[PDB]
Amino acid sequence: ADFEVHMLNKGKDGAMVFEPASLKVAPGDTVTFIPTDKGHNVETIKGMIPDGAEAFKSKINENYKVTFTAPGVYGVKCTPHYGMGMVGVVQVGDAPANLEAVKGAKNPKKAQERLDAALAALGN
């Protein structure tokens, strides 16, 4: 299955957001991250990807398609706007084994506030 996530300067949840900020997909599904506004990218957050997965980092302004392989929870950020809280979470499959490890990862305050909300929206 294929999904879309947009990067915007302003959304319902405030400035510098991924929409949706929380998404559950199946193993093998693809998500395209699309900078609707210019100046954004997507990168995995350190400490917030499952075992067996490889980190990724897109270029500024490109539409970046990723096929998620290893099951678990992935935290993503926009590189320039991580400190402003521009983050999101993608859960791949049921019963993510690294859910408890990702809740403990360290992030700047505004990002953590939004990651905690996004993790709670997954019923986590």
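Each residue number is its position in the shown sequence, starting from 1.
Checked against the record, the higher mean CA B factor of 16 to 24 and 100 to 108 lies with 100 to 108. The stretch with the higher mean CA B factor, choosing between 71 to 79 and 30 to 38, is 30 to 38. Comparing C-alpha B-factors across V90, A55, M48, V87 in the deposited entry, the largest value falls on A55. In the deposited entry, the Cα temperature factor of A117 places it in the lowest third of its chain's modelled residues.
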